[PDB]
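This is what each chain is made of:
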Amino acid sequence: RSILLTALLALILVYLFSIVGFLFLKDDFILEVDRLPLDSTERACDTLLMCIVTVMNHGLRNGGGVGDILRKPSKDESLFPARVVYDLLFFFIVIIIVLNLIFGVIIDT
Amino acid sequence: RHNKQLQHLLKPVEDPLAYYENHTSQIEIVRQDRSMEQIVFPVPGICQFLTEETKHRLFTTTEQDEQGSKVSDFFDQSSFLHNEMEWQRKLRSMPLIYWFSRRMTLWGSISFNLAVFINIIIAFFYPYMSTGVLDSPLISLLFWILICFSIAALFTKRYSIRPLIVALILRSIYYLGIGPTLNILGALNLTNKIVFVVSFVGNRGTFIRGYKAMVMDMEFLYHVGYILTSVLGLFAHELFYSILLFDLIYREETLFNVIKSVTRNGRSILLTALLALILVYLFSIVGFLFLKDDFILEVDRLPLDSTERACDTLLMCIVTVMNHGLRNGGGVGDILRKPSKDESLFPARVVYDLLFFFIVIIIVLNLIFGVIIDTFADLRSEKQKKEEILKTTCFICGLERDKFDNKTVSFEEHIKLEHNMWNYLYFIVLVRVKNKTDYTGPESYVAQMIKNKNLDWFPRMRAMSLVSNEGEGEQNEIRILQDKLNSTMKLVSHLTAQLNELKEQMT
Amino acid sequence: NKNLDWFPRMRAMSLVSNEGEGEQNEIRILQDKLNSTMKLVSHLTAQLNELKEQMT
Ligand SMILES: Nc1ncnc2c1ncn2[C@@H]1O[C@H](COP(=O)(O)OP(=O)(O)OP(=O)(O)O)[C@@H](O)[C@H]1O
Ligand SMILES: [Ca+2]
Ligand SMILES: [Zn+2]
């Protein structure tokens, strides 16, 4: 039960981050795809379910969080501080805290 | 207690005996001479207006004292319980407000379910106007799984209404559509929030007094704020419904434990973060002074070189370090230009990277957030301990279930009839309400103890059922002491008689 | 009667065979005290009987 509740909390946080990205960072969700034997890049966060799936998969499977897949910004862009804050918050909240809290109980038991 | 026939005839079976048994209560008290006696009293009518929600809260909220007794807090809450019962009795006159307030739990539960369903539907079908999931086969598989779960209701175990409501909502989406379903759910949620706030106001009874206090109450502010959020979600934009999940997080105990753990160790976290910031600042200074050219970052410019110099100023170095080095397992060295063995500063780069990795990544980062995990584990352990002790220990006396192993009375009977916290509360209310002139011996003693603020009249690790069988064992050293006292008295009497005889002979 | 007290609990005959001397320490003192009390009671009763006989 504790694992399920913590997973639901992680899902809630992922949903909030996906909403924020869709509303303010739609263009930065560009992913690289190796198409089977037609551009090599596709826009992932077009709908909302796609943003949620891409976050929950890549951000959780990447040590640095969701910021390791998003387009790399430049210092001259207006939303560079917003991107920095977004990435740091995601890394500190979802990767460092919730992920460990979900599965520490298993090791302890 | 001494006649079997009377006990047989006093069993309940409009029924007089049943009515008297229902309106009669009994408790056990300790007198000033350390003797336990049973007091049987009638339940006053006012005690019938105590809410089961209040009972449940008073049960699973009390905290043990240093010794391990909840009687202090239970007694201290007696005045609040009496006031709440009086207010409920007053509210009983009003039909509409009482009718709305009776079902406060139902309103909250259905509002919770509505919020969850609305968020799920928004996530699965926003934006709308592709609706790929509407035709994808996975939705059919989920529908079949929910149908199987609903059919499994024959085994009970609850968790059956919710999948049924989910299936109903899915069918409504299929037939009417997505937008109409969302509008209906939002309207229902708004109406439910209004009803719930009305019920809360009625239960708390702040409306009878000026509305200023009602508006001042923090919980009222919370409810009105979430009502504003709900109306914003209904009218301005659908995505505003996501804010409702904060209410769910706060309501759920396990989820709120994470926030509690984070808040409890707030100062330590802030200080450790400041230490990390200091280290990042020092590393940024060193890099700017001696490794300016190695801070080259790759940028995918929007539709003009692909590389830029990051550590030109100092704030840029600090930001790039704090972001990339902390978000990269290998540290800051995974973004910097790769040096060659023939470069003069290759050893300096190696030392810089190794020091950063060993100091900031391996030590400070873990030290910042280990406290949160430790506190969460401790809170879970404490909750489990409290739940375990609440189901295997008497609230009043504190005896464990193991004692009632083979005795004629089980632990369930002991907690239901003999030691009932609610019966003790009823006795306290009866003492407080009944006139002083009509007090009996036990009632006057209890009133005096209450006035003196002494809680020794509650039973502490003692039960009449247990002592009835333990009397033989207890009366072991007492008999020896009595025999010794009798022997000493006989010796004293013999000595006095001898002295009197000697005095008479001398005279 | 569903009583399990007939099983041995932290007791063994092999151990008690050697621990008997140590165990019989307070028991002897208690027996001596009881004997002294009984002797005192008997002496008091005899004195009372003698006093009653003299008075009669
Ligand atoms: N001293 C106690 N120790 C442990 N649990 C107790 C104690 N006193 C009450 N309880 C809890 O309260 C329950 C009895 O409460 P209460 O008499 O209000 O129940 P009820 O369902 O309203 O009764 P009924 O409908 O039969 O009149 C017990 O089953 C137990 O759950
Ligand atoms: Ca009188
Ligand atoms: Zn008891």
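In its metadata, the entry names cryo-EM as the structure determination method and reports 3.2 Å as the resolution.

As for the overall build of chain C
For chain C, the count of helices and strands is two helices and zero strands. What you see for chain C is a C-alpha radius of gyration of 22 Å, clearly larger than the 10 Å of a compact globule of 56 residues, by over 25%. Judged by the C-alpha coordinates and their principal axes, chain C covers about 60 × 35 × 10 Å.

Description of the overall build of chain A
Of the regular secondary structure elements, chain A holds three helices and two strands. For chain A, the succession of helices and strands along the chain, N to C, is α-β-β-α-α. Across its three principal directions, the C-alpha atoms of chain A cover 50 × 40 × 20 Å.

Looking at the state of the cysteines
Between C45 of chain A and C51 of chain A runs a disulfide, and the two sulfur atoms are separated by 2.0 Å. Torsion about the S-S bond of the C45 of chain A and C51 of chain A cystine: about 90 degrees, corresponding to right-handed handedness. Across the disulfide, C311 of chain B is cross-linked to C317 of chain B (sulfur-sulfur distance 2.0 Å). Across the S-S bond linking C311 of chain B and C317 of chain B, the dihedral sits near 90 degrees, which makes this disulfide right-handed.

Examining the interface of chain A and chain B
Between chain A and chain B, the residue contacts involve 37 residues of the former and 37 residues of the latter. If you list the elements that add at least two residues to the side of chain A that touches chain B, you get α1 (2–24), α2 (49–61) and α3 (80–108) of chain A. With 12 residues, α3 of chain A is the single largest residue contributor to the side of chain A that touches chain B. Broken down by class, the residue content of the side of chain A that touches chain B amounts to 21 nonpolar, eight polar and eight charged.

Quick look at the arrangement of the chains
In this assembly two pairs of chains touch, with chains A and B having more contacts than any other pair. Chain A shows no contact with chain C. Their nearest C-alpha atoms sit 33 Å apart.

Focus on helix α10 (residues 161–175) of chain B
Here α10 of chain B contains 15 residues, and its C-alpha end-to-end distance of 21 Å stays within 8% of the 21 Å for a straight helix at 1.5 Å per residue. Two residues or fewer after α10 of chain B comes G177 of chain B, characterised by a positive phi angle close to 130 degrees.

Some thoughts on the packing of helix α16 (residues 266–290) of chain B against helix α18 (residues 346–390) of chain B
All names here are of chain B. Their axes nearest at 9 Å, the elements α16 and α18 cross at an angle of 165 degrees. As the angle between them shows, α16 and α18 are arranged roughly antiparallel. Considering how the two elements wind past one another, α16 and α18 form a crossing that is left-handed. Here α16 contributes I269, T272, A273, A276, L279, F283, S284, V286 and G287 to the contact with α18, which in turn contributes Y352, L355, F356, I359, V360, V364, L367, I368, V371 and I372. For the contact of α16 with α18, the residue count by class is 16 nonpolar, three polar and no charged.

Digging into the pairing of strand β2 (residues 36–42) of chain B
Residues and elements named next belong to chain B. As defined by bridge partners, strand β1 (residues 24–30) adjoins β2 across seven bridges and the pair is classed as antiparallel. Bridge assignment links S25 to a residue of β2, and that residue is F41. Once β1 ends, the chain turns through five residues before running back antiparallel as β2, passing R34 with a positive phi of about 55 degrees.

Observations concerning helix α20 (residues 421–433) of chain B
Here α20 of chain B is 13 residues long and its end C-alpha atoms lie 18 Å apart, about the 18 Å a rise of 1.5 Å per residue gives. For α20 of chain B, the N-terminal cap is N420 of chain B; the gap from its side-chain oxygen to the backbone nitrogen of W422 of chain B is 2.7 Å.

Quick word on unusual backbone geometry
Residues and elements named next belong to chain B. The amide bond that connects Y126 to the next residue, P127, takes the cis arrangement and shows omega of 0 degrees. The topology assignment puts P127 in the loop between α7 (104–125) and α8 (132–135). Notably, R158 is not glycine yet its phi reads approximately 65 degrees, a positive angle.

So, the packing of aromatic side chains
Residues and elements named next belong to chain B. With 5.5 Å between their ring centres and 75 degrees between their planes, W99 and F100 make a pair best called edge-to-face. Both rings, one in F404 and one in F411, keep their centres 6.1 Å apart while their planes meet at 65 degrees; by these two values the pair is edge-to-face. Stacked on the ring of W422, the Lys or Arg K55 has its end atom at 5.4 Å from the ring centre.

A few points about the packing of helix α5 (residues 78–91) of chain B against α20 of chain B
All names here are of chain B. Contact geometry for α5 and α20: axes closest at 11 Å, N-to-C directions at 75 degrees. In this view, α5 runs roughly perpendicular relative to α20, as classed from their interaxial angle. Contacts from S78, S79, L81, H82 and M85 in α5 reach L425, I428, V429, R432 and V433 in α20. Split into classes, the residues belonging to the contact of α5 with α20 amount to six nonpolar, three polar and one charged.

A short note on the pattern of salt bridges
Here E343 of chain B ties to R337 of chain B by a salt bridge, and the two come within 2.8 Å at their closest N and O atoms. Its salt-bridge partner being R401 of chain B, residue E412 of chain B comes within 2.8 Å of it at the nearest N-O pair. Of this pair, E412 of chain B sits in helix α19 (residues 411–418) while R401 of chain B sits in the loop between α18 and α19, and the two are 11 residues apart along the sequence. The network of salt bridges with common partners includes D28, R71, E77 and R83 of chain A.

What counts, and where the lines are drawn
- Residues numbered from 1 in each chain as written, not as in the entry; some residues may be left out.
- Chains lettered and ligands numbered in written order.
- Part of a larger assembly, values for the part shown.
- Heavy atoms only, no water.
- Residues with missing side-chain atoms left out of burial classes, pairs and counts.
- Helix = DSSP H or I, 4+ residues; strand = E, 2+ residues; numbered from the N terminus.
- Rg over C-alpha atoms; globule rule 2.2 N^0.38 Å.
- Disulfide = S-S within 2.5 Å.
- Contact = heavy atoms within 4.5 Å.
- Nonpolar A, V, L, I, M, F, W, Y, C, P; charged D, E, K, R; others polar.
- Expected span 1.5 Å × (residues − 1).
- Axes fitted to C-alpha atoms, helices over the stretch in contact; angles between N-to-C directions.
- Parallel < 35°, antiparallel > 145°, perpendicular 65-115°, else oblique.
- Left-handed = near helix turned anticlockwise from the far one by under 90°.
- Pairing = 2+ DSSP bridges.
- Polar contact = N/O pair within 3.5 Å; in protein donor to acceptor, adjacent residues only side chain to side chain.
- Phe/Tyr/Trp six-rings, centres within 6.5 Å; stacked < 30°, edge-to-face > 60°.
- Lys NZ or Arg CZ within 6 Å of the ring centre and 35° of its normal.
- Salt bridge = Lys/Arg side-chain N within 4 Å of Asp/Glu carboxyl O.

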